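> got a structure for you, letters missing:
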């Protein structure tokens, strides 16, 4: 998911405030089904 | 020897030929005459920075 984050740093003294948000595109999506029972553990879709 | 001045005045027409010669000799340049009317410098726009297009699902 899109993750935002703000910070600052130093660059020849002049304190620079920076603000960014990272995301992904072209993400592969793996669907693993360990078992079909209600008790079984499953992940309908996990991104990679 | 007074005729030096008379001769120079009478023969002065040859300086036209001399002017043509030096004109042919001299290199030449020219102008691209400048424009007035930068009386209004223009700023970019009202610009606001934001995160791009998040790809939600």
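Arrived safely. Residues are numbered from 1 along each chain as shown, chains lettered A, B, ... in the order given.

> helix/strand/coil for residue B:5?
Classification of residue B:5 using DSSP: H, G, I helix; E, B strand; the rest coil returns helix.

> So what's the residue count around it?
If you count neighbours by other Cβ atoms under 10 Å in any protein chain shown, residue B:5 ends up with 9. Using the backbone N, CA and C atoms, a C-beta is placed for each residue, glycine as well.

> Could you do residue A:21 as well?
As a burial measure, residue A:21 scores 13 neighbours (other Cβ under 10 Å).

> Could you do the one 3 residues further on as well?
Look at residue A:24: counted by other Cβ under 10 Å, it has 11 neighbours.

> ok, now which ones touch residue B:52?
Residue B:52 sits next to A:21, A:23 when contact means Cβ atoms under 8 Å, 6 or more residues apart in numbering or on different chains.

> now the one 5 residues further on
The neighbourhood of residue B:57, defined by Cβ under 8 Å, 6+ apart, contains no residues.

> From residue A:47, how far off is it?
9 Å (Cβ to Cβ, to the nearest Å).

> who's sitting farthest from the centroid in chain B?
Centroid-distance maximum for chain B: residue B:57 at 63.1 Å, with Cα atoms, centre = their mean.

> gap between that one and residue B:37?
Separation of residue B:57 from residue B:37 (Cβ to Cβ): 54 Å.

> gap between residue B:11 and residue B:4?
11 Å.

> Give me the contact list for stretch A:25-32.
Stretch A:25-32 has contacts (Cβ under 8 Å, 6+ apart) with A:42, A:43, A:44, A:45, A:46, A:47, A:48, B:55.
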